[PDB]
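Below is one structure, written out as structure tokens, with a few remarks after it.
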Amino acid sequence: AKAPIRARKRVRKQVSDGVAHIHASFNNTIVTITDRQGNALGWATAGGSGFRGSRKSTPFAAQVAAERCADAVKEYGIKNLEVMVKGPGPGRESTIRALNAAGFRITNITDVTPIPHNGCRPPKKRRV
Amino acid sequence: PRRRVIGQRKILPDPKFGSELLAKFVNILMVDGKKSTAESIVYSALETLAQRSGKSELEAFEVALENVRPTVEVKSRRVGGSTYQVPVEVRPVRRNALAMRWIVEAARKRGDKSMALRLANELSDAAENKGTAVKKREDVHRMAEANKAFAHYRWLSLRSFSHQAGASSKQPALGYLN
Amino acid sequence: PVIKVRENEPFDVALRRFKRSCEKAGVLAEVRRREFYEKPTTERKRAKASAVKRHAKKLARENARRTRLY
RNA sequence: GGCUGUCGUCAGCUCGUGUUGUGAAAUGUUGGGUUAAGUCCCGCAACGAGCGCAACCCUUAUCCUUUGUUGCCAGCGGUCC
RNA sequence: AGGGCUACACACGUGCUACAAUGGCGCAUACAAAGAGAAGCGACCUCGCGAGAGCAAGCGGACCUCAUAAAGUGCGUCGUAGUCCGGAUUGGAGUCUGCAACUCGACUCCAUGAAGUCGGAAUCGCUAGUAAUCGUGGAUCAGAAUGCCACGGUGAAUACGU
RNA sequence: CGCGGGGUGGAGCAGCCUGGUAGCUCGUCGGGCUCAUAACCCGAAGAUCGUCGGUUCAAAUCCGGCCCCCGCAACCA
RNA sequence: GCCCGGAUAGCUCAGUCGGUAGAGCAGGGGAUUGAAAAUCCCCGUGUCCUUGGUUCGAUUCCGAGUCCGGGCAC
RNA sequence: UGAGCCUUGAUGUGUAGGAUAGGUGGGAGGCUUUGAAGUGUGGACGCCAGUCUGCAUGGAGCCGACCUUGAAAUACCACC
């Protein structure tokens with residue numbers, strides 16, 4: 001007779017609020033949830049969400065990474081979020097939009113992107 | 001190319017029913033100019049379908065088209081380097097035409113005895129979600145689902161917009177600037 | 001950015017281009033190239049050219065008035 | 001020589017005269033808008049014009065008019081209908 | 001005068017007819033335009049399986065004749081089997097035009113009856129009375145038309161967008 | 001001297017272990033795209049397995065002889 | 001000659017506590033591009049090795065033997 | 001913090017079934033300061049609403065026993 005409801009085995013840790021980091025780049029976007037005190041609570045990515053090819057660097061693929069990730073942290077009973085945004089890729093703002101539409105409350109959309117003060121020499125790519 | 005947008009010649013309503021959509025259906029069934037032949041093959045098919053099940057004659061016909069209607073279709077705008085298709089909403093008129101066309105394509109290659117049995121089965125199967133043109137709608141929906149949108153000249157669309165004083169915004173779209 | 005100091009709830013009108021300190025549109029000049037050390041003499045010293053484009057517009061109003069362009 | 005195919009029914013191609021350039025040459029024939037069109041309007045050191053586009057031409061689409069057989073038959077008469 | 005261009009190992013362009021059931025076969029039945037015709041077209045008549053025959057009216061072109069419009073409509077029939085599909089081939093008999101149809105004609109009929117199950121790479125024509133498809137006439141022409149030239153029947157997909 | 005390996009469609013290679021089986025990449029020829037060649041695409045053709053014999057129902061294959069190509073060996077005082 | 005441990009889609013593995021035949025890649029067709037490289041799609045196949053046995057039924061759960069792979073033997 | 005040995009407590013969601021089917025014998029029921037039950041509050045909880053149940057409250061029956069369905073039937077004590 002029985003045909004199932006519960007999505008996973010019973011919740012673990014349980015921290016109520018967390019930080020997310022979206023590393024968006026030209027080839028792929030990675031969304032990683034953490035604790036305030038620095039601990040990965042789970043991740044998912046565009047490439048791991050089954051896109052590959054040119055689809056891997058698209059706002060639509062970025063969204064579907066975020067919703068997949070949102071499932072992985074349900075085991076932690078999280079409700080509130082802050083989000084760090086990181087890099088020049090597409091999906092950069094579109095990933096956030098998927099997190100608020102996941103039912104999460106987002107505290108700050110802090111773009112962090114790491115900028116040399118002139119610093120180390122870039123590669124010279126696309127050459128003539 | 002093409003200066004002027006105009007089209008659509010106007011069809012005469014069906015003689016038995018007074019209906020426009022059946023009269024369009026008999027055209028897309030029509031080989032080699034024979035309208036009076038296509039008429040009979042359609043009516044004998046339609047009556048086979050409505051006797052099989054349908055309190056109204058056009059009941060089971062209308063739901064036949066409803067299950068094979070394709071919501072979105074895959075178009076190519078040529079980025080090059082292997083394009084990969086772009087979904088577009090299929091306009092309701094072009095929705096009807098794709099849907100009617102596919103049932104008849106399937107009927108024409110059934111190979112059973114007479115187009116009236118071939119057609120009646122292919123409507124019968126697609127009314128009840130197991131036909132040859134159910135499958136082709138489902139296959140088109142699979143290719144449309146996988147290729148959920150992406151598009152090109154994104155950089156050029158924003159700068160061609162800036163050259164006409166057009167806003168700081170861009171999004172995936174077809175055959176034209178974004 | 002969407003901006004983190006606007007007031008903290010998600011309000012989705014904010015246009016990220018109309019909300020950028022600097023990010024993207026110059027800031028990542030430093031990636032997938034080194035702008036070869038005085039490549040800027042031909043990349044960036046086209047300042048005269050864009051100052052000319054402003055001069056040209058400021059001229060073109062006046063010539064249209066005396067010629068009666070409409 | 002005649003003639004014809006083709007680029008192409010693409011819509012362009014150029015003369016006089018005036019002017020600017022040492023000169024080949026440009027100008028007009030470029031600009032603004034519009035069209036099937038160098039089409040038409042506006043506006044200028046270019047002003048005028050010719051070939052070309054359009055037009056006339058035939059044909060078809062109505063309707064009037066006149067004709068009225070070897071065509072026609074609504075009424076009409078006769079009727080083998 | 002006879003031979004030749006009309007050969008054949010093969011390769012290619014153009015078109016026809018087909019591979020079928022929206023059909024082929026049979027019988028009954030419907031409504032066109034446009035043209036040609038006194039070197040010609042030729043009814044009615046009786047004869048021939050038929051192509052054709054002879055006998056003979058008529059026509060100068062809205063009149064007579066080529067000329068039975070075909071697909072379509074009706075009804076029956078066949079059952080996915082290279083077949084009641086396809087008819088290429090070849091035998092045999094036969095007709096006509098003309099001096100003569102062997103090389104090098106067209107057509108009738110009996111018989112027979114191939115490849116062909118929608119075609120690799122490639123690829124072309126079209127925007128609406130169009131394409132597709134069905135028949136009809138004509139120029140040349142004693143005799144050879146799938147071609148070319150024209151006429152009318154039935155009559156579509158779709159064109160968002162550049 | 002001697003010993004062991006080799007002799008395949010026009011080229012280079014595979015299959016060679018008591019066996020019946022011909023494959024790959026080039027080149028070739030026909031068709032296609034292109035103004036035309038190149039390339040690119042599709043189709044096809046091409047070896048009676050060096051040569052002679054023997055064993056075998058059957059041999060490129062196993063066995064024997066000869067010619068041809070290669071590797072090693074042909075010393076010791 | 002023992003103890004081990006494996007024997008399935010063509011392959012490796014595996015949904016397979018007995019009530020219940022799959023993931024990854026392989027070949028065909030469709031859908032697109034300077035055919036392709038490359039997306040996306042729908043089929044891919046097994047009496048789980050041959051025999052015993054528990055049982056309400058069980059391949060696997062308990063067992064005997066063939067072949068592969070790993071030890072100690074001699 | 002692994003493991004063994006071992007002390008007490010426990011889950012087994014098939015097909016049909018009200019639900020409860022770890023293998024299997026006993027067995028017609030167990031009544032300290034009751035054994036109630038039952039609605040309610042939380043916890044564990046997984047082939048999802050299906051078991052056990054701290055405990056507020058209640059001192060006013062679980063439930064088999066041929067009560068029924070099913071190869072096996074349940075309560076309740078052993079066995080592992």
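So you can find residues: chains in the structure tokens are A, B, ... in the order shown, residues in each start at 1, and ligands are numbered from 1 in order.
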With a cut-off of 10 Å and counting only C-alpha atoms (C1' of nucleotides), select all residues of chain C in contact with chain D and give the selection as a short mmCIF file (atom, residue, chain, number, x, y, z; two decimals) with N, CA and C atoms, in the first residue's frame.
data_model
loop_
_atom_site.label_atom_id
_atom_site.label_comp_id
_atom_site.auth_asym_id
_atom_site.auth_seq_id
_atom_site.Cartn_x
_atom_site.Cartn_y
_atom_site.Cartn_z
N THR C 67 21.38 76.45 -42.03
CA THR C 67 20.99 75.81 -43.29
C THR C 67 19.51 75.49 -43.38
N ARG C 68 18.82 75.40 -42.23
CA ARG C 68 17.41 75.06 -42.14
C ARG C 68 17.16 73.61 -42.52
N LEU C 69 17.70 72.66 -41.72
CA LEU C 69 17.76 71.24 -42.06
C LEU C 69 16.40 70.55 -42.28
N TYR C 70 15.40 70.93 -41.46
CA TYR C 70 13.99 70.78 -41.76
C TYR C 70 13.48 72.04 -42.56
#
Per-residue nearest contacts chain B to chain A, cut-off 8 Å, using only C-alpha atoms, as a Markdown table:
| residue | atom | partner | partner_atom | distance |
| --- | --- | --- | --- | --- |
| B:148 | CA | A:60 | CA | 7.6 |
| B:149 | CA | A:60 | CA | 7.3 |
| B:150 | CA | A:58 | CA | 7.1 |
Extract, using only C-alpha atoms (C1' of nucleotides), all DNA, RNA and protein residues at most 9 Å from stretch 28-35 of chain H, discarding same-chain residues fewer than 4 positions from it, and format them as a PyMOL selection string.
-> chain H and resi 59+61-65+75-76
Suppose we keep N, CA, C and O atoms (P, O5', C5', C4', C3', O3' and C1' of nucleotides); can you now write the selection as a PDB file, in the first residue's frame?
ATOM      1  P     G H  59     -11.966  10.896  36.767  1.00  0.00           P
ATOM      2  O5'   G H  59     -11.482   9.409  37.030  1.00  0.00           O
ATOM      3  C5'   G H  59     -12.035   8.296  36.287  1.00  0.00           C
ATOM      4  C4'   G H  59     -11.230   6.970  36.396  1.00  0.00           C
ATOM      5  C3'   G H  59     -11.735   5.965  37.465  1.00  0.00           C
ATOM      6  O3'   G H  59     -11.572   4.591  37.046  1.00  0.00           O
ATOM      7  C1'   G H  59      -9.525   6.497  37.916  1.00  0.00           C
ATOM      8  P     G H  61     -14.716   2.118  30.242  1.00  0.00           P
ATOM      9  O5'   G H  61     -13.245   2.293  29.639  1.00  0.00           O
ATOM     10  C5'   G H  61     -12.961   1.903  28.264  1.00  0.00           C
ATOM     11  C4'   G H  61     -11.825   0.865  28.145  1.00  0.00           C
ATOM     12  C3'   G H  61     -11.765   0.004  26.873  1.00  0.00           C
ATOM     13  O3'   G H  61     -11.389   0.734  25.659  1.00  0.00           O
ATOM     14  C1'   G H  61     -10.976  -1.149  28.822  1.00  0.00           C
ATOM     15  P     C H  62     -11.508  -0.167  24.330  1.00  0.00           P
ATOM     16  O5'   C H  62     -10.075  -0.885  24.142  1.00  0.00           O
ATOM     17  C5'   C H  62      -8.890  -0.184  23.666  1.00  0.00           C
ATOM     18  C4'   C H  62      -7.521  -0.937  23.839  1.00  0.00           C
ATOM     19  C3'   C H  62      -7.019  -2.144  22.980  1.00  0.00           C
ATOM     20  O3'   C H  62      -6.373  -1.806  21.719  1.00  0.00           O
ATOM     21  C1'   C H  62      -6.704  -2.647  25.267  1.00  0.00           C
ATOM     22  P     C H  63      -7.057  -2.141  20.330  1.00  0.00           P
ATOM     23  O5'   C H  63      -7.276  -3.690  20.370  1.00  0.00           O
ATOM     24  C5'   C H  63      -6.236  -4.638  20.641  1.00  0.00           C
ATOM     25  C4'   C H  63      -6.858  -5.877  21.295  1.00  0.00           C
ATOM     26  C3'   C H  63      -7.979  -6.580  20.544  1.00  0.00           C
ATOM     27  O3'   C H  63      -7.400  -7.358  19.486  1.00  0.00           O
ATOM     28  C1'   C H  63      -8.513  -6.355  22.851  1.00  0.00           C
ATOM     29  P     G H  64      -8.266  -8.372  18.654  1.00  0.00           P
ATOM     30  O5'   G H  64      -8.098  -9.715  19.463  1.00  0.00           O
ATOM     31  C5'   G H  64      -6.748 -10.151  19.747  1.00  0.00           C
ATOM     32  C4'   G H  64      -6.661 -11.538  20.416  1.00  0.00           C
ATOM     33  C3'   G H  64      -7.159 -12.619  19.443  1.00  0.00           C
ATOM     34  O3'   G H  64      -6.385 -13.848  19.438  1.00  0.00           O
ATOM     35  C1'   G H  64      -8.651 -12.411  21.308  1.00  0.00           C
ATOM     36  P     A H  65      -6.096 -14.810  20.678  1.00  0.00           P
ATOM     37  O5'   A H  65      -7.502 -15.589  20.737  1.00  0.00           O
ATOM     38  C5'   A H  65      -7.829 -16.491  21.794  1.00  0.00           C
ATOM     39  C4'   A H  65      -9.347 -16.745  21.870  1.00  0.00           C
ATOM     40  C3'   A H  65     -10.124 -17.016  20.581  1.00  0.00           C
ATOM     41  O3'   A H  65      -9.745 -18.259  19.941  1.00  0.00           O
ATOM     42  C1'   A H  65     -11.465 -15.715  22.012  1.00  0.00           C
ATOM     43  P     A H  75       0.054  -9.808  18.928  1.00  0.00           P
ATOM     44  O5'   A H  75      -0.873  -9.370  20.149  1.00  0.00           O
ATOM     45  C5'   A H  75      -1.485  -8.055  20.223  1.00  0.00           C
ATOM     46  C4'   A H  75      -2.720  -8.019  21.136  1.00  0.00           C
ATOM     47  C3'   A H  75      -2.350  -8.146  22.612  1.00  0.00           C
ATOM     48  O3'   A H  75      -1.880  -6.915  23.172  1.00  0.00           O
ATOM     49  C1'   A H  75      -4.160  -9.567  22.098  1.00  0.00           C
ATOM     50  P     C H  76      -0.430  -6.763  23.777  1.00  0.00           P
ATOM     51  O5'   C H  76      -0.128  -8.086  24.594  1.00  0.00           O
ATOM     52  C5'   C H  76      -0.660  -8.322  25.918  1.00  0.00           C
ATOM     53  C4'   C H  76      -0.356  -9.759  26.402  1.00  0.00           C
ATOM     54  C3'   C H  76       1.158 -10.037  26.292  1.00  0.00           C
ATOM     55  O3'   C H  76       1.865  -9.420  27.399  1.00  0.00           O
ATOM     56  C1'   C H  76      -0.107 -11.925  25.570  1.00  0.00           C
TER      57        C H  76
END
Using only C-alpha atoms (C1' of nucleotides), what table do you get, as JSON lines, when you list each residue of chain A with an atom no more than 8 Å from chain H, its nearest pair of atoms, and their distance in Å rounded to one decimal, rows by chain then rising number?
{"residue": "A:2", "atom": "CA", "partner": "H:13", "partner_atom": "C1'", "distance": 6.4}
{"residue": "A:3", "atom": "CA", "partner": "H:48", "partner_atom": "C1'", "distance": 6.6}
{"residue": "A:4", "atom": "CA", "partner": "H:48", "partner_atom": "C1'", "distance": 5.0}
{"residue": "A:5", "atom": "CA", "partner": "H:48", "partner_atom": "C1'", "distance": 5.0}
{"residue": "A:6", "atom": "CA", "partner": "H:48", "partner_atom": "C1'", "distance": 6.9}
{"residue": "A:9", "atom": "CA", "partner": "H:46", "partner_atom": "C1'", "distance": 7.9}
So that I have them on file, write out the residues from the current selection with C-alpha atoms, as a PDB file, in the first residue's frame.
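As a result, out12.pdb now contains:
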ATOM      1  CA  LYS A   2       2.381   2.734   1.282  1.00  0.00           C
ATOM      2  CA  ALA A   3       3.775   5.327  -1.222  1.00  0.00           C
ATOM      3  CA  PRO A   4       6.136   7.880   0.282  1.00  0.00           C
ATOM      4  CA  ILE A   5       5.978  11.544   1.460  1.00  0.00           C
ATOM      5  CA  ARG A   6       9.142  12.579   3.488  1.00  0.00           C
ATOM      6  CA  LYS A   9      15.958  11.070   6.487  1.00  0.00           C
TER       7      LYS A   9
END
Pull the alpha helix (DSSP H) assignments for chain A out of DSSP run on the backbone, and list those residues as a VMD selection string.
-> chain A and resid 59 to 72 94 to 101
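Excluding stretch 14-31 of chain F itself and same-chain residues fewer than 2 positions from it, the residues having an atom within 10 Å of it are residues 11, 12, 120, 121 and 122 of chain E; 8, 9, 10, 11, 12, 42, 43, 44, 45, 46, 47, 49, 56, 58, 59, 60, 61 and 62 of chain F, counting only C-alpha atoms (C1' of nucleotides).
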Put those residues in a file: C-alpha atoms (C1' of nucleotides), as a PDB file, in the first residue's frame.
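again_31.pdb written:
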ATOM      1  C1'   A E  11      28.928   9.194 -68.614  1.00  0.00           C
ATOM      2  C1'   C E  12      25.650  13.759 -68.013  1.00  0.00           C
ATOM      3  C1'   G E 120      23.386   8.148 -51.724  1.00  0.00           C
ATOM      4  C1'   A E 121      26.188  12.835 -51.756  1.00  0.00           C
ATOM      5  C1'   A E 122      23.568  16.603 -53.902  1.00  0.00           C
TER       6        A E 122
ATOM      7  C1'   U F   8      49.536  -9.030 -49.166  1.00  0.00           C
ATOM      8  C1'   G F   9      44.618  -4.424 -53.738  1.00  0.00           C
ATOM      9  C1'   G F  10      49.141   0.736 -57.405  1.00  0.00           C
ATOM     10  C1'   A F  11      51.960   2.114 -51.372  1.00  0.00           C
ATOM     11  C1'   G F  12      52.684   0.868 -46.163  1.00  0.00           C
ATOM     12  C1'   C F  42      29.006   9.617 -51.382  1.00  0.00           C
ATOM     13  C1'   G F  43      29.607   5.132 -54.317  1.00  0.00           C
ATOM     14  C1'   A F  44      32.845   1.469 -56.440  1.00  0.00           C
ATOM     15  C1'   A F  45      36.888  -1.189 -58.059  1.00  0.00           C
ATOM     16  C1'   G F  46      41.507  -3.613 -56.563  1.00  0.00           C
ATOM     17  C1'   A F  47      45.118  -9.442 -53.835  1.00  0.00           C
ATOM     18  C1'   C F  49      48.627 -14.402 -50.629  1.00  0.00           C
ATOM     19  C1'   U F  56      45.166 -32.583 -46.180  1.00  0.00           C
ATOM     20  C1'   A F  58      40.168 -28.289 -47.330  1.00  0.00           C
ATOM     21  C1'   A F  59      46.462 -24.852 -47.115  1.00  0.00           C
ATOM     22  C1'   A F  60      48.038 -17.548 -47.632  1.00  0.00           C
ATOM     23  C1'   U F  61      48.242 -20.275 -43.131  1.00  0.00           C
ATOM     24  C1'   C F  62      51.204 -26.483 -41.787  1.00  0.00           C
TER      25        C F  62
END
Looking at G:70, G:2, G:40, G:62, which one is nearest to residue B:145, with distances taken over only C-alpha atoms (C1' of nucleotides)?
-> G:40
So what do you get for atom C1' of residue F:6 versus atom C1' of residue F:70, distance-wise?
->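 Atom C1' of residue F:6 sits 7.3 Å away from atom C1' of residue F:70.
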What is the atom CA of residue C:25 to atom CA of residue C:9 distance in Å?
-> 26.6 Å
Enumerate, as a PyMOL selection string, the complete set of residues in chain A that a backbone-based DSSP assignment places in strand (DSSP E).
-> chain A and resi 17-24+29-35+39-45+80-86+105-111
Chain A residues near chain C (12 Å cut-off, only C-alpha atoms) as a PyMOL selection string | chain A and resi 25-26+80-90+92-94+96-101+103-128
Residue B:153: which residues within 9 Å, counting only C-alpha atoms (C1' of nucleotides), same-chain residues fewer than 4 positions away excluded, as a PyMOL selection string?
-> chain B and resi 79+157-158+176-178
Just the residues within 12 Å of residue E:104, please, counting only C-alpha atoms (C1' of nucleotides), with nothing from its chain fewer than 3 positions along; format it as a PDB file with N, CA and C atoms (P, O5', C5', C4', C3', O3' and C1' of nucleotides), in the first residue's frame.
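Below you can see result_5.pdb, which holds the result:
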ATOM      1  P     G E   3      19.073   3.153 -98.207  1.00  0.00           P
ATOM      2  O5'   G E   3      20.448   3.531 -97.500  1.00  0.00           O
ATOM      3  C5'   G E   3      21.221   2.467 -96.892  1.00  0.00           C
ATOM      4  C4'   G E   3      22.695   2.853 -96.638  1.00  0.00           C
ATOM      5  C3'   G E   3      22.891   3.794 -95.474  1.00  0.00           C
ATOM      6  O3'   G E   3      22.864   3.080 -94.234  1.00  0.00           O
ATOM      7  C1'   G E   3      24.096   4.618 -97.228  1.00  0.00           C
ATOM      8  P     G E   4      21.813   3.559 -93.173  1.00  0.00           P
ATOM      9  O5'   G E   4      22.385   4.874 -92.505  1.00  0.00           O
ATOM     10  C5'   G E   4      23.643   4.847 -91.833  1.00  0.00           C
ATOM     11  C4'   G E   4      24.337   6.217 -91.750  1.00  0.00           C
ATOM     12  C3'   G E   4      23.749   7.300 -90.859  1.00  0.00           C
ATOM     13  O3'   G E   4      24.188   7.089 -89.499  1.00  0.00           O
ATOM     14  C1'   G E   4      24.233   8.220 -92.979  1.00  0.00           C
ATOM     15  P     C E   5      23.116   6.535 -88.442  1.00  0.00           P
ATOM     16  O5'   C E   5      22.579   7.839 -87.719  1.00  0.00           O
ATOM     17  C5'   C E   5      23.549   8.692 -87.074  1.00  0.00           C
ATOM     18  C4'   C E   5      23.567  10.141 -87.598  1.00  0.00           C
ATOM     19  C3'   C E   5      22.567  11.084 -87.009  1.00  0.00           C
ATOM     20  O3'   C E   5      22.948  11.335 -85.626  1.00  0.00           O
ATOM     21  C1'   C E   5      22.809  11.513 -89.292  1.00  0.00           C
ATOM     22  P     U E   6      21.746  11.609 -84.665  1.00  0.00           P
ATOM     23  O5'   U E   6      20.809  10.329 -84.813  1.00  0.00           O
ATOM     24  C5'   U E   6      20.577   9.470 -83.684  1.00  0.00           C
ATOM     25  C4'   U E   6      19.680   8.220 -83.931  1.00  0.00           C
ATOM     26  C3'   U E   6      20.307   7.034 -84.690  1.00  0.00           C
ATOM     27  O3'   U E   6      20.075   5.805 -83.955  1.00  0.00           O
ATOM     28  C1'   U E   6      18.157   7.389 -85.467  1.00  0.00           C
ATOM     29  P     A E 101       6.375  -0.336 -98.194  1.00  0.00           P
ATOM     30  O5'   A E 101       6.171   0.765 -97.098  1.00  0.00           O
ATOM     31  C5'   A E 101       6.436   0.392 -95.715  1.00  0.00           C
ATOM     32  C4'   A E 101       7.930   0.488 -95.370  1.00  0.00           C
ATOM     33  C3'   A E 101       8.217  -0.066 -93.972  1.00  0.00           C
ATOM     34  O3'   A E 101       9.620  -0.464 -93.733  1.00  0.00           O
ATOM     35  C1'   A E 101       8.179   2.267 -93.907  1.00  0.00           C
ATOM     36  P     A E 144       0.785  11.792 -88.291  1.00  0.00           P
ATOM     37  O5'   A E 144       1.849  11.859 -87.127  1.00  0.00           O
ATOM     38  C5'   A E 144       3.196  12.352 -87.347  1.00  0.00           C
ATOM     39  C4'   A E 144       4.225  11.407 -86.725  1.00  0.00           C
ATOM     40  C3'   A E 144       4.818  11.933 -85.399  1.00  0.00           C
ATOM     41  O3'   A E 144       4.163  11.338 -84.252  1.00  0.00           O
ATOM     42  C1'   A E 144       6.469  10.954 -86.885  1.00  0.00           C
TER      43        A E 144
END
What lies within 9 Å of residue D:20 using only C-alpha atoms (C1' of nucleotides), ignoring chain neighbours under 3 positions off, as a list in words?
->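 My reading of the contact set: residues 26, 27 and 45 of chain D.
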Could you turn the residues from that selection into a file that holds C-alpha atoms (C1' of nucleotides), as a PDB file, in the first residue's frame?
ATOM      1  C1'   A D  26      34.652  66.809 -58.165  1.00  0.00           C
ATOM      2  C1'   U D  27      30.033  69.717 -57.961  1.00  0.00           C
ATOM      3  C1'   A D  45      27.776  76.834 -56.042  1.00  0.00           C
TER       4        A D  45
END
Counting only C-alpha atoms (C1' of nucleotides), which residues of chain G come no farther than 12 Å from chain B, as a list in words?
-> residues 30, 31, 32, 33, 34, 36, 37, 38, 39, 40, 41 and 42 of chain G
